[PDB]
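Novice: Quick one: the structure is below, and I'll ask about it shortly.
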Amino acid sequence: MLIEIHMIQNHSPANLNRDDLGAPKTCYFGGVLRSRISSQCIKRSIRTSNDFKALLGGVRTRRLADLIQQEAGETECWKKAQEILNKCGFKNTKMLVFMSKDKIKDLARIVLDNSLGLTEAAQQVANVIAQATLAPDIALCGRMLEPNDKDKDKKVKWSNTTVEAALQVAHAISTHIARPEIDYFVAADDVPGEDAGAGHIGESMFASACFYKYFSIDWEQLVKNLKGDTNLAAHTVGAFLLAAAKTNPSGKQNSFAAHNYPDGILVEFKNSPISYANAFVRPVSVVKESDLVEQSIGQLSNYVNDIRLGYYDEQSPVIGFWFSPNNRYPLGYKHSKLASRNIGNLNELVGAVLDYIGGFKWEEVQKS
Amino acid sequence: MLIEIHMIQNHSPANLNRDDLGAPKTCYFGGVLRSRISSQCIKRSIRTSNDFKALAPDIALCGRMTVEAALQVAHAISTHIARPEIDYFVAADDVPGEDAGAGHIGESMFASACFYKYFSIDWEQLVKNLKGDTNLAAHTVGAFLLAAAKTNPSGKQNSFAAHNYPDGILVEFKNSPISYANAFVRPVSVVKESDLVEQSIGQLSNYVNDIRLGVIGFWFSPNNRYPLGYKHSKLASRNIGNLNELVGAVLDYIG
Amino acid sequence: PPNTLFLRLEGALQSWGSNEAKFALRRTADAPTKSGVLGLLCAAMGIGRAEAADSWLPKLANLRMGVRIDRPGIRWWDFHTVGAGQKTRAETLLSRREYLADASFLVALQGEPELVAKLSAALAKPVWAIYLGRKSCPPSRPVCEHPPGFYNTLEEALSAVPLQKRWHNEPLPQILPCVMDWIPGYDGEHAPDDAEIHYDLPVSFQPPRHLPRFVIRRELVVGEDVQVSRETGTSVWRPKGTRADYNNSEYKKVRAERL
Amino acid sequence: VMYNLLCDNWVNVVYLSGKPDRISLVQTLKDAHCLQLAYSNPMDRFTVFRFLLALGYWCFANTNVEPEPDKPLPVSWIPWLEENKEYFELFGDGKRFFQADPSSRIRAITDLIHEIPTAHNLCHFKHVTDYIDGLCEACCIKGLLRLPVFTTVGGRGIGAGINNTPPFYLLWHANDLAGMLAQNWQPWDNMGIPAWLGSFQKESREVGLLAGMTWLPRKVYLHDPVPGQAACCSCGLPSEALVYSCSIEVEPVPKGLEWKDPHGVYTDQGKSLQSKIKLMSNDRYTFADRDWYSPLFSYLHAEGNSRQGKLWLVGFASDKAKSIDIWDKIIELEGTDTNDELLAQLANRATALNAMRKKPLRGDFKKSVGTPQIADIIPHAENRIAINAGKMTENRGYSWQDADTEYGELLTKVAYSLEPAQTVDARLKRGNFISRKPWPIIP
Ligand SMILES: [Mg+2]
């Protein structure tokens, strides 16, 4: 059971993602340049979204000894935590370690602060770190860790740290040809001078594009990662949908306050993942009539009709919900009456997909 | 007699096959550098898959310890010049410290390409290692079509969710095993009025317009999105818009 | 009457491995080895693993042949990771394999006419899937493309077949190498100083036992003994034509008819 | 059955007329100008040539007659190698060839040979299985000759051979067996006590050449079953009853023994010089091709120097027990002096190749992979360079600058891929990508 999210999002002139030289990320698709948003940026923005504070439960840090020492008002233990981590496998203030926050706090306080042996305490810390995989952000993003076998003692064994990712995020590619733009900025000196020159001169780089975003969630793998607590899985799915719809990457948002909301979301329920980016292999050119979101939605609807009239299974019907704010942009403007449940409310969309998932309502699942 | 399947598949920017240094696999053709997906990558992607798992089937299709499997795939030569790209990533420490940045702070490699993928089945030997089970062989050939139509290389896909579908499949039942890679000795240059997949399919059509001048062909595009040959010329025996009826026509031709 | 059979070996990739490869590093030779073309013909006839062994090798091996290299393909190394166990355990086997990229070969086997006729008939009708040395390398041009003929020597046969341009404006090799089995001449006649050894005469094929042979190379010059061919097709697609004119006579009759 | 090296056929040669044959030691002995050594494994060919060179040294030590060139070997060697018929024997009641003190530990015949995979820490191999298929007598002999030359480490507990880990092996090559023996004839005053005699007395160090070239680090007994095989399935030639297993122990090579192999290549600190081949393209290594360039500084300085002839190099790349790859190469040479620093620069091309691979498109960091697309075009340019290795080495009209311009077209057509824009800046950065070439380094 795969939940598929295809979003069309038009953005104001902004620089959400940049490379080494401070340029917007660009990729070649269909032989032409397309503005790109990295999947890791979208995953971070979803994990640090306002619809995720009640659900965020994982920390990916190398400063683990700081976290373990922070739960101690007077019990100064930082060198011994660093030594037990260094013998655990990390070589230094360490490599990056991902696991839960309450787990590291409580369990590391009751394990490594205890005055006891040294090697088996490191084994206990390693078991605590590896087994702490009960966090839905860890369940979605996925994780595996490999410690340095040189600095680790021969008496420390590690269990399976491989968490299979239940979330696949594509890089948001533009539906049209990329338009890289240069912003010539100065920085005026607040005190006067005899020369009247700026304190600094630079060139920022920004681009405005209509991005196609693609997400895929494996329900069976998600409930395998988070174990039998399916209430938390439904809460994770609803929080993901709300965060993906209502959060933008935190790039240069202070200078480019581009917080536009997506004009179209297709949430489809199928056992095979479909990328609709092939709709936009031919770049979208503007015309006198209609706009870019309308043209992109028309191209996407053409490809959706072609895929449903092409790759189709009688044993597994394809079924999906179409989103538009107050039905502003319909999908099948000419003939493609495929979207059965055009939905004009985000909470209604979340309720519908949660009902298709099973006997879950959004208020009932907002308690795990 | 040989069943030949030429598939054109445009993949969104990803890294489906990785070499030793993490680059997309790359080949050399037409006097230019092409993006490559290795044959064993597509073989293992088609194998071990619940899309395909639904005397012994799939031992004859892909061999296991003198089987000489009926189905083999060619390396996926791109129709255009490869465009490998650097993606720069950082991994945040997500614990407030005096510094910033904690992860590998490295660089990954990715590329988007339109792949020509060649598949060849011998029918007679596929029946031969199936101990004369003709109906089972027809079912497993249909299963090959169903899988390879909707299975992608399960490479780096969690960060690059490339699940695009092929826009064109040509199935012929010709005499000698020929690959149409020579069609794309020209890398596909993109024009304003046509897209990459349409131009690649047109190059294939202009190449099968030859050879016959100096056999049949079933052409599949989703709902006739890309017709093989933009004319009324006898170039494709049957323009087919749906994959299920394509498999049905191929099966009823075979038996 | 035709005592020569011709094989056209062209594909996107090809790999005729040399003698120094059955370890994890599995390299290739610059030209098709005798065992490779012999195996291609054996598949074209379609005999078994040991049916080749049971008195089939020396009938195809006494055919002193030549291999003519049209264009030199470059050596591409593919990073192949065998899964080993995916009785099983998590161990990955590591390998690098050499392929010839963008090369075209012509192989002329000279023998008695009836064998050549049988070889051409089996080449038009391959009972098994044939490829370019490795199973993952199917041919891009027909192996039975060039018709057989009668030629006295290997040089005349390999110079008679023209060199085919894939497209209109491509750099062609002014100098063209040819690698042939060493003709002993008269009885005796110990091999010259340029005769290199090559372990590619098959005598059993499961497991592969290869015998050495003497291999000699000549050079051919195009334009005087090897001649180019026509393009015989179109490369680019170039979708159909808009921009109807307004002065041709076929326009005004339809325009007046619609009125 | 009773097998002898003298009368029974075990040597793979091809005659200059063109007829390959399996022939005995006498046949390759008294012909010696009509045949050429023809082995599928290059290091099998080198080990058989080493055995023949040691036999020629023994014959000269017992007859005192040099092999004059362009005319076959002296005829007094055959009666000296003939009257000891029981001596070169694999069977019989008495002394045995390359066999030693009593044994208890039993190992399969697959580990005596190296090219066929052995019983690793696995169960599956390259379609081989121990105690089922075995080798022929000729294969067993050519595997026994591999012991003094190409024995690697067995996991840091099992010792290596007499010349440490198996180094690069360099020798002088000719079209004939007479020229094979004559071009590598240079003897020493003290010969030594070779292992085809019985239990040699250790006595003092400085063995010489004949004791050191035939040092036995392993043993062989083999337990003969009642009958044996019906049809061969491991060698390839269908033979009679074959071997199944053997018995191998180790002998600890002692300390000291200041000794130099005539064909080996030794570094500045006296350690063995290895083949730099591995498929594992690491941070510090870039895989290109056969490393003919590596064993050139030491061999052209100390043992052999500049000399008119062909240089046959055999390189068995290994890392502990990992048998990576075996290759051989033939280099023409005249001996036109020796430029010191240029040949030293040529002696390590892998450093400059890795340095050129590690340079990124745009960047300054040093732990990056650089340009991995260059790593797939370095092998072809290296293979194109390696054909004129003699003219590279002697520097007549070929040099570092003249050979690294063979990278140019591959660099252009890789830069087309890496900068797929028709712009001014893409063209300029492509041109900067064009001039990339392996600047040489001093060590
Ligand atoms: Mg053998």
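Simple scheme: letters A, B, ... for chains in structure tokens order, numbers from 1 for residues in each chain, numbers from 1 for ligands in the order shown.
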Skipping near chain neighbours, those fewer than 3 positions away, what residues fall within 10 Å of residue 371 (chain D) using only C-alpha atoms, listed as a PDB file with N, CA and C atoms, in the first residue's frame?
Specialist:
ATOM      1  N   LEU B  21      33.297   5.148  -7.526  1.00  0.00           N
ATOM      2  CA  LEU B  21      33.424   6.482  -6.958  1.00  0.00           C
ATOM      3  C   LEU B  21      32.085   7.193  -6.807  1.00  0.00           C
ATOM      4  N   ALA B  23      29.766   7.810  -9.125  1.00  0.00           N
ATOM      5  CA  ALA B  23      29.230   8.425 -10.324  1.00  0.00           C
ATOM      6  C   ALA B  23      28.168   7.532 -10.958  1.00  0.00           C
TER       7      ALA B  23
ATOM      8  N   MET D 356      45.787  13.321 -10.797  1.00  0.00           N
ATOM      9  CA  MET D 356      44.929  13.880 -11.833  1.00  0.00           C
ATOM     10  C   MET D 356      43.476  13.464 -11.643  1.00  0.00           C
ATOM     11  N   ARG D 357      43.240  12.258 -11.118  1.00  0.00           N
ATOM     12  CA  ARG D 357      41.871  11.839 -10.830  1.00  0.00           C
ATOM     13  C   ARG D 357      41.269  12.640  -9.679  1.00  0.00           C
ATOM     14  N   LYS D 358      42.068  12.943  -8.656  1.00  0.00           N
ATOM     15  CA  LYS D 358      41.574  13.616  -7.460  1.00  0.00           C
ATOM     16  C   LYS D 358      41.299  15.101  -7.655  1.00  0.00           C
ATOM     17  N   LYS D 359      41.768  15.705  -8.735  1.00  0.00           N
ATOM     18  CA  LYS D 359      41.504  17.121  -8.953  1.00  0.00           C
ATOM     19  C   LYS D 359      40.044  17.305  -9.342  1.00  0.00           C
ATOM     20  N   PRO D 360      39.267  18.085  -8.599  1.00  0.00           N
ATOM     21  CA  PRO D 360      37.840  18.215  -8.896  1.00  0.00           C
ATOM     22  C   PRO D 360      37.612  19.172 -10.057  1.00  0.00           C
ATOM     23  N   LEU D 361      36.349  19.254 -10.477  1.00  0.00           N
ATOM     24  CA  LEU D 361      35.963  20.189 -11.527  1.00  0.00           C
ATOM     25  C   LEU D 361      36.211  21.612 -11.051  1.00  0.00           C
ATOM     26  N   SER D 368      37.892  14.569  -1.603  1.00  0.00           N
ATOM     27  CA  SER D 368      36.833  14.318  -2.565  1.00  0.00           C
ATOM     28  C   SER D 368      37.268  13.265  -3.579  1.00  0.00           C
ATOM     29  N   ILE D 374      36.826  10.756 -15.390  1.00  0.00           N
ATOM     30  CA  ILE D 374      38.210  10.636 -15.837  1.00  0.00           C
ATOM     31  C   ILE D 374      38.743   9.240 -15.539  1.00  0.00           C
ATOM     32  N   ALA D 375      38.323   8.657 -14.414  1.00  0.00           N
ATOM     33  CA  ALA D 375      38.789   7.341 -13.995  1.00  0.00           C
ATOM     34  C   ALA D 375      38.381   6.221 -14.944  1.00  0.00           C
ATOM     35  N   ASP D 376      37.421   6.454 -15.837  1.00  0.00           N
ATOM     36  CA  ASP D 376      37.053   5.468 -16.843  1.00  0.00           C
ATOM     37  C   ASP D 376      37.706   5.716 -18.198  1.00  0.00           C
ATOM     38  N   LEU D 418      30.595  16.743 -19.074  1.00  0.00           N
ATOM     39  CA  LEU D 418      30.615  17.399 -17.771  1.00  0.00           C
ATOM     40  C   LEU D 418      30.187  18.858 -17.845  1.00  0.00           C
TER      41      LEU D 418
END
Novice: Distance limit 7 Å, atoms considered: only C-alpha atoms. Which chain B residues sit that close to chain C? Return them as a PyMOL selection string.
Specialist: chain B and resi 19-20+28-30+39+72-75+122+175-182+186+199+202-203+206+210
Novice: Check every residue of chain A for an atom within 10 Å of chain D, counting only C-alpha atoms, and provide those that qualify as a count of residues only.
Specialist: 6
Novice: Ligand 1: which residues are within 10 Å, counting only C-alpha atoms and all ligand atoms? Reply as a ChimeraX atom specification.
Specialist: /C:207-209 /D:10,12,40,134-140,142,232-239
Novice: Export, as a JSON list (two decimals), in the first residue's frame, the selected residues with N, CA, C and O atoms.
Specialist:
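Wrote result-v5.json, looks like this:
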[["chain", "number", "residue", "atom", "x", "y", "z"],
["C", 207, "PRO", "N", 35.48, -27.61, -19.46],
["C", 207, "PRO", "CA", 36.06, -26.28, -19.25],
["C", 207, "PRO", "C", 36.85, -25.80, -20.47],
["C", 207, "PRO", "O", 37.31, -26.61, -21.26],
["C", 208, "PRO", "N", 37.00, -24.48, -20.65],
["C", 208, "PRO", "CA", 37.68, -23.98, -21.84],
["C", 208, "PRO", "C", 39.17, -24.27, -21.86],
["C", 208, "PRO", "O", 39.91, -23.77, -21.01],
["C", 209, "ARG", "N", 39.61, -25.09, -22.81],
["C", 209, "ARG", "CA", 41.02, -25.29, -23.08],
["C", 209, "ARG", "C", 41.37, -24.59, -24.38],
["C", 209, "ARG", "O", 40.75, -24.85, -25.41],
["D", 10, "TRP", "N", 54.81, -33.24, -20.01],
["D", 10, "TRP", "CA", 54.19, -32.27, -19.11],
["D", 10, "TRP", "C", 54.37, -30.82, -19.52],
["D", 10, "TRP", "O", 53.78, -29.95, -18.87],
["D", 12, "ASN", "N", 53.88, -27.60, -21.99],
["D", 12, "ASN", "CA", 53.10, -27.00, -23.07],
["D", 12, "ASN", "C", 54.00, -26.07, -23.88],
["D", 12, "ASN", "O", 54.39, -25.01, -23.39],
["D", 40, "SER", "N", 48.98, -20.79, -20.95],
["D", 40, "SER", "CA", 47.87, -19.85, -20.82],
["D", 40, "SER", "C", 48.09, -18.90, -19.65],
["D", 40, "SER", "O", 47.84, -17.69, -19.77],
["D", 134, "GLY", "N", 39.96, -32.54, -9.84],
["D", 134, "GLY", "CA", 41.38, -32.37, -9.60],
["D", 134, "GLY", "C", 42.13, -32.05, -10.88],
["D", 134, "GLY", "O", 41.57, -32.05, -11.97],
["D", 135, "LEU", "N", 43.42, -31.78, -10.70],
["D", 135, "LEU", "CA", 44.29, -31.35, -11.79],
["D", 135, "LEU", "C", 45.04, -32.54, -12.37],
["D", 135, "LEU", "O", 45.13, -33.61, -11.77],
["D", 136, "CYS", "N", 45.58, -32.33, -13.57],
["D", 136, "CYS", "CA", 46.38, -33.36, -14.22],
["D", 136, "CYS", "C", 47.81, -33.31, -13.69],
["D", 136, "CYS", "O", 48.16, -32.48, -12.85],
["D", 137, "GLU", "N", 48.64, -34.24, -14.17],
["D", 137, "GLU", "CA", 50.03, -34.30, -13.72],
["D", 137, "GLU", "C", 50.82, -33.09, -14.17],
["D", 137, "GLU", "O", 51.63, -32.55, -13.41],
["D", 138, "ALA", "N", 50.62, -32.64, -15.41],
["D", 138, "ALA", "CA", 51.30, -31.45, -15.90],
["D", 138, "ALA", "C", 50.87, -30.20, -15.14],
["D", 138, "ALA", "O", 51.70, -29.35, -14.82],
["D", 139, "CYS", "N", 49.57, -30.09, -14.86],
["D", 139, "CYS", "CA", 49.08, -28.98, -14.05],
["D", 139, "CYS", "C", 49.63, -29.05, -12.63],
["D", 139, "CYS", "O", 49.96, -28.02, -12.04],
["D", 140, "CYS", "N", 49.74, -30.26, -12.07],
["D", 140, "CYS", "CA", 50.33, -30.40, -10.74],
["D", 140, "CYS", "C", 51.80, -29.99, -10.72],
["D", 140, "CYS", "O", 52.26, -29.37, -9.77],
["D", 142, "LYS", "N", 53.28, -27.83, -12.87],
["D", 142, "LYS", "CA", 53.35, -26.39, -13.04],
["D", 142, "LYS", "C", 52.83, -25.63, -11.83],
["D", 142, "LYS", "O", 53.19, -24.47, -11.63],
["D", 232, "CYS", "N", 38.17, -36.04, -17.20],
["D", 232, "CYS", "CA", 38.60, -34.81, -16.55],
["D", 232, "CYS", "C", 37.55, -33.72, -16.70],
["D", 232, "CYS", "O", 36.88, -33.61, -17.73],
["D", 233, "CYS", "N", 37.41, -32.90, -15.65],
["D", 233, "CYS", "CA", 36.46, -31.80, -15.68],
["D", 233, "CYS", "C", 37.00, -30.53, -15.05],
["D", 233, "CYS", "O", 36.23, -29.59, -14.81],
["D", 234, "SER", "N", 38.30, -30.45, -14.76],
["D", 234, "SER", "CA", 38.90, -29.26, -14.17],
["D", 234, "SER", "C", 39.95, -28.62, -15.06],
["D", 234, "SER", "O", 39.92, -27.40, -15.27],
["D", 235, "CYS", "N", 40.90, -29.40, -15.58],
["D", 235, "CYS", "CA", 41.90, -28.84, -16.49],
["D", 235, "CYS", "C", 41.26, -28.42, -17.81],
["D", 235, "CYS", "O", 41.43, -27.28, -18.26],
["D", 236, "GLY", "N", 40.49, -29.32, -18.42],
["D", 236, "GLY", "CA", 39.88, -29.05, -19.71],
["D", 236, "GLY", "C", 40.22, -30.11, -20.74],
["D", 236, "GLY", "O", 39.38, -30.48, -21.56],
["D", 237, "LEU", "N", 41.45, -30.61, -20.70],
["D", 237, "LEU", "CA", 41.82, -31.75, -21.53],
["D", 237, "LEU", "C", 41.29, -33.03, -20.90],
["D", 237, "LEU", "O", 41.61, -33.31, -19.74],
["D", 238, "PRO", "N", 40.49, -33.82, -21.61],
["D", 238, "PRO", "CA", 39.93, -35.03, -21.00],
["D", 238, "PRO", "C", 40.98, -36.12, -20.82],
["D", 238, "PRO", "O", 41.46, -36.69, -21.81],
["D", 239, "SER", "N", 41.35, -36.39, -19.58],
["D", 239, "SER", "CA", 42.46, -37.28, -19.28],
["D", 239, "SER", "C", 41.97, -38.50, -18.49],
["D", 239, "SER", "O", 40.77, -38.69, -18.28]]
Novice: Considering only C-alpha atoms, state which residue in the set D:64, D:4, D:245, D:121 is at the smallest distance from residue 84 (chain D).
Specialist: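 Distance minimum relative to residue 84 (chain D) lands on D:4.
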Novice: Would you list, as an MDAnalysis selection string, the residues of region 48-205 of chain A that end up in alpha helix (DSSP H) under DSSP run on this structure's backbone?
Specialist: chainID A and resid 64:70 79:88 101:112 119:131 136:141
Novice: Excluding same-chain residues fewer than 2 positions from residue 309 (chain D), what lies within 12 Å of it counting only C-alpha atoms, as a count of residues only?
Specialist: 24
Novice: So which one's closest to chain B, D:124, D:271, D:384, D:310? Using only C-alpha atoms, please.
Specialist: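 Under the stated criterion, the closest residue is D:124.
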Novice: Select, as number ranges by chain, those residues of chain C with any atom no more than 8 Å from chain D (distances computed using only C-alpha atoms).
Specialist: C: 19-25, 74-77, 84, 87, 94-96, 184, 188-191, 193, 197, 199, 204-214
Novice: Atoms to include: N, CA, C and O atoms. Write the selected residues as a short mmCIF file (atom, residue, chain, number, x, y, z; two decimals), in the first residue's frame.
Specialist:
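The result, written out as result_0.cif:
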data_model
loop_
_atom_site.label_atom_id
_atom_site.label_comp_id
_atom_site.auth_asym_id
_atom_site.auth_seq_id
_atom_site.Cartn_x
_atom_site.Cartn_y
_atom_site.Cartn_z
N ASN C 19 43.91 -13.91 -22.76
CA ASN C 19 44.32 -15.09 -22.00
C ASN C 19 44.52 -14.77 -20.53
O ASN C 19 44.29 -15.64 -19.68
N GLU C 20 44.93 -13.56 -20.20
CA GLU C 20 45.27 -13.21 -18.82
C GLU C 20 44.05 -12.73 -18.04
O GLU C 20 44.10 -11.71 -17.36
N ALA C 21 42.94 -13.47 -18.11
CA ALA C 21 41.73 -13.06 -17.40
C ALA C 21 40.85 -14.27 -17.13
O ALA C 21 40.08 -14.67 -18.01
N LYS C 22 40.96 -14.84 -15.93
CA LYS C 22 39.81 -15.47 -15.29
C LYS C 22 39.82 -15.20 -13.79
O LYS C 22 39.05 -15.84 -13.05
N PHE C 23 40.65 -14.27 -13.32
CA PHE C 23 40.55 -13.72 -11.98
C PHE C 23 39.41 -12.70 -11.94
O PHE C 23 38.59 -12.61 -12.85
N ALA C 24 39.36 -11.92 -10.86
CA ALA C 24 38.32 -10.90 -10.74
C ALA C 24 38.50 -9.75 -11.72
O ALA C 24 37.53 -9.07 -12.04
N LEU C 25 39.72 -9.53 -12.22
CA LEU C 25 39.98 -8.54 -13.26
C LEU C 25 39.94 -9.26 -14.60
O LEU C 25 40.77 -10.13 -14.88
N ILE C 74 37.23 2.28 -27.88
CA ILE C 74 38.06 2.56 -26.72
C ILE C 74 37.76 1.54 -25.63
O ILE C 74 36.72 0.88 -25.62
N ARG C 75 38.69 1.40 -24.70
CA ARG C 75 38.56 0.41 -23.63
C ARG C 75 37.83 1.04 -22.46
O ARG C 75 38.34 1.96 -21.81
N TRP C 76 36.62 0.56 -22.19
CA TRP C 76 35.81 1.04 -21.08
C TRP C 76 35.75 -0.02 -20.00
O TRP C 76 35.45 -1.18 -20.28
N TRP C 77 36.04 0.38 -18.77
CA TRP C 77 36.03 -0.55 -17.65
C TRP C 77 34.76 -0.37 -16.84
O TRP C 77 34.48 0.73 -16.35
N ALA C 84 27.44 -12.50 -4.89
CA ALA C 84 27.84 -13.76 -4.27
C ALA C 84 26.64 -14.43 -3.60
O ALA C 84 25.90 -15.18 -4.25
N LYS C 87 23.99 -21.15 3.73
CA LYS C 87 24.59 -21.29 2.41
C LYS C 87 24.93 -19.93 1.83
O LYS C 87 25.81 -19.81 0.97
N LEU C 94 33.92 -8.41 -5.95
CA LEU C 94 34.35 -7.18 -6.61
C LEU C 94 34.98 -7.54 -7.95
O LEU C 94 35.76 -8.49 -8.02
N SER C 95 34.66 -6.78 -8.99
CA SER C 95 35.22 -7.08 -10.30
C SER C 95 35.22 -5.83 -11.17
O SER C 95 34.41 -4.92 -10.99
N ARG C 96 36.14 -5.81 -12.13
CA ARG C 96 36.17 -4.80 -13.17
C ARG C 96 36.33 -5.49 -14.51
O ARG C 96 37.21 -6.36 -14.65
N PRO C 184 51.26 -20.64 -43.22
CA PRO C 184 52.61 -21.23 -43.15
C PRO C 184 53.39 -21.15 -44.45
O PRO C 184 54.61 -21.39 -44.43
N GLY C 188 57.48 -26.41 -43.65
CA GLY C 188 58.57 -25.85 -42.87
C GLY C 188 58.24 -24.41 -42.53
O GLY C 188 57.17 -24.15 -41.98
N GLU C 189 59.14 -23.48 -42.87
CA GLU C 189 58.90 -22.04 -42.80
C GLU C 189 58.51 -21.62 -41.38
O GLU C 189 57.36 -21.33 -41.07
N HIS C 190 59.51 -21.69 -40.50
CA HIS C 190 59.32 -21.27 -39.11
C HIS C 190 58.89 -19.81 -39.05
O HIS C 190 59.27 -18.98 -39.88
N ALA C 191 58.08 -19.50 -38.03
CA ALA C 191 57.30 -18.27 -38.01
C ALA C 191 58.21 -17.04 -37.95
O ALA C 191 59.28 -17.09 -37.33
N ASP C 193 59.62 -13.08 -37.15
CA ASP C 193 59.88 -12.41 -35.88
C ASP C 193 58.69 -11.59 -35.39
O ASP C 193 58.62 -11.27 -34.20
N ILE C 197 52.11 -14.91 -30.21
CA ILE C 197 51.36 -16.07 -29.74
C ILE C 197 50.01 -15.59 -29.22
O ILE C 197 49.87 -14.46 -28.73
N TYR C 199 46.53 -17.56 -27.34
CA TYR C 199 45.92 -18.79 -26.85
C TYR C 199 44.42 -18.72 -27.09
O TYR C 199 43.62 -18.49 -26.19
N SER C 204 38.52 -27.90 -26.32
CA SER C 204 37.42 -28.30 -25.47
C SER C 204 36.85 -27.01 -24.91
O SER C 204 37.57 -26.02 -24.76
N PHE C 205 35.55 -27.00 -24.62
CA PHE C 205 34.91 -25.72 -24.40
C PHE C 205 34.15 -25.69 -23.08
O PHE C 205 33.49 -24.69 -22.78
N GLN C 206 34.23 -26.76 -22.29
CA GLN C 206 33.64 -26.90 -20.96
C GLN C 206 34.42 -27.97 -20.20
O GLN C 206 34.06 -29.15 -20.28
N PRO C 207 35.48 -27.61 -19.46
CA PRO C 207 36.06 -26.28 -19.25
C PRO C 207 36.85 -25.80 -20.47
O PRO C 207 37.31 -26.61 -21.26
N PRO C 208 37.00 -24.48 -20.65
CA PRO C 208 37.68 -23.98 -21.84
C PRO C 208 39.17 -24.27 -21.86
O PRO C 208 39.91 -23.77 -21.01
N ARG C 209 39.61 -25.09 -22.81
CA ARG C 209 41.02 -25.29 -23.08
C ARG C 209 41.37 -24.59 -24.38
O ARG C 209 40.75 -24.85 -25.41
N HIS C 210 42.34 -23.69 -24.31
CA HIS C 210 42.77 -22.91 -25.47
C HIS C 210 44.21 -23.29 -25.81
O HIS C 210 45.05 -23.43 -24.93
N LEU C 211 44.46 -23.45 -27.07
CA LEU C 211 45.74 -23.74 -27.69
C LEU C 211 46.32 -22.47 -28.30
O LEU C 211 45.58 -21.60 -28.78
N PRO C 212 47.64 -22.34 -28.28
CA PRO C 212 48.29 -21.17 -28.88
C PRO C 212 48.21 -21.19 -30.39
O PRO C 212 48.09 -22.25 -31.02
N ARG C 213 48.28 -20.00 -30.98
CA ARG C 213 48.31 -19.85 -32.43
C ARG C 213 49.17 -18.65 -32.77
O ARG C 213 49.40 -17.77 -31.94
N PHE C 214 49.66 -18.64 -34.01
CA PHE C 214 50.50 -17.55 -34.50
C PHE C 214 49.63 -16.54 -35.24
O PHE C 214 48.84 -16.91 -36.10
#
Novice: Would you mind listing what lies within 6 Å of region 93-103 of chain A as a CSV table (one decimal) with C-alpha atoms, in the first residue's frame, with only C-alpha atoms counted and same-chain residues fewer than 3 positions away left out?
Specialist:
chain,number,residue,atom,x,y,z
A,57,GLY,CA,11.3,12.5,18.2
A,58,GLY,CA,14.8,12.1,16.7
A,59,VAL,CA,18.2,13.8,17.1
A,60,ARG,CA,21.0,13.3,14.6
A,61,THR,CA,24.0,14.8,16.4
A,62,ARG,CA,27.7,14.1,16.9
A,63,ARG,CA,27.6,16.0,20.2
A,90,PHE,CA,33.2,7.0,17.2
A,106,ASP,CA,17.0,8.8,30.1
A,107,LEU,CA,18.9,5.6,29.1
A,132,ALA,CA,16.5,3.5,19.9
Novice: Give the residues of chain A that lie within 7 Å of chain B; count only C-alpha atoms, and format the answer as a PyMOL selection string.
Specialist: chain A and resi 19+28-31+39+59-62+96+167-171+273-278+281-282+306-307+309-311
Novice: Show me, as a ChimeraX atom specification, the residues that have an atom within 8 Å of residue 350 (chain A) when counting only C-alpha atoms, minus same-chain residues fewer than 4 positions from it.
Specialist: /A:238,241-242,346,354,362
Novice: May I have the residues from that selection written out with N, CA and C atoms, as a compact mmCIF listing (two decimals), in the first residue's frame?
Specialist:
# COMPACT_ATOMS: atom_id res chain seq x y z
N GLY A 238 -0.69 11.93 8.58
CA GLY A 238 -1.39 13.21 8.59
C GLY A 238 -0.46 14.39 8.83
N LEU A 241 1.38 15.01 5.60
CA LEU A 241 0.57 15.70 4.60
C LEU A 241 0.42 17.18 4.93
N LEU A 242 0.14 17.48 6.20
CA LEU A 242 0.00 18.87 6.62
C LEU A 242 1.31 19.63 6.50
N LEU A 346 -8.01 21.25 3.14
CA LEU A 346 -6.88 20.41 3.53
C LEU A 346 -7.27 19.42 4.62
N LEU A 354 -7.10 9.53 5.47
CA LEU A 354 -7.04 8.74 6.70
C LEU A 354 -8.16 7.70 6.74
N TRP A 362 -8.80 12.32 12.10
CA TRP A 362 -7.63 13.13 12.42
C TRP A 362 -7.59 13.50 13.90
